[PDB]
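Consider the single chain below, provided in structure tokens and representing the form deposited without its partner chain.
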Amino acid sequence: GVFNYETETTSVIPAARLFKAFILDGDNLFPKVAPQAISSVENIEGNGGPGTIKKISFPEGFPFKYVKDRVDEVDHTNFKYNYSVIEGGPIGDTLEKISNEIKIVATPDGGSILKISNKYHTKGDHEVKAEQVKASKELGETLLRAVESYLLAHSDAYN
């Protein structure tokens, strides 16, 4: 079958406020609290729901870095936000594809828990060098930390 690279982490931020920011405004906060992950977003179709298509740009130097990527299954109620990769610079048809999945869940501890599942579809004699994989895990963790840091760097009260 394909490859899998799912992960999960905890956060003192609420799963609701964290979801909207990583889901409703995720594409807008990506290039804001993470200039090293996504440069900008260009919704081609869909309104951010499941199957939506948006041109995500990646801050890199190679010839191809951005990509189309289509949403998989969004859920503004069950805290579910998954998106697949389809028109990638390197991707031409459907080989070396990638299907991710994001799920946030608040816990009775003053925070919530996020679970990010990732998939890597390969074919022919090609494969997935951990490199691009190790770089995705480092960037994925920086995204969840970039948002948690922000919400914590807020200022609504003084004493």
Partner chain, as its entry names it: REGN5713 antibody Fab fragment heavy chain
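Residue numbers count along the first chain shown, from 1.
Unshown form deposited with its partner chain bound; subsequent notes refer to it.
Put simply, residue 136 is far from its partner chain in the deposited bound form: not one heavy atom of it is within 4.5 Å.
Looking at residue 91, you'd find every heavy atom of it more than 4.5 angstroms from its partner chain in the deposited bound form.
In the deposited bound form, no heavy atom of residue 67 sits within 4.5 Å of its partner chain. Although the partner is absent here, residue 15 is not a contact residue: none of its heavy atoms lies within 4.5 angstroms of its partner chain in the deposited bound form. Along 26-41, a non-hydrogen atom within 4.5 Å of its partner chain in the deposited bound form is carried by 32, 33, 36, in order along the sequence.
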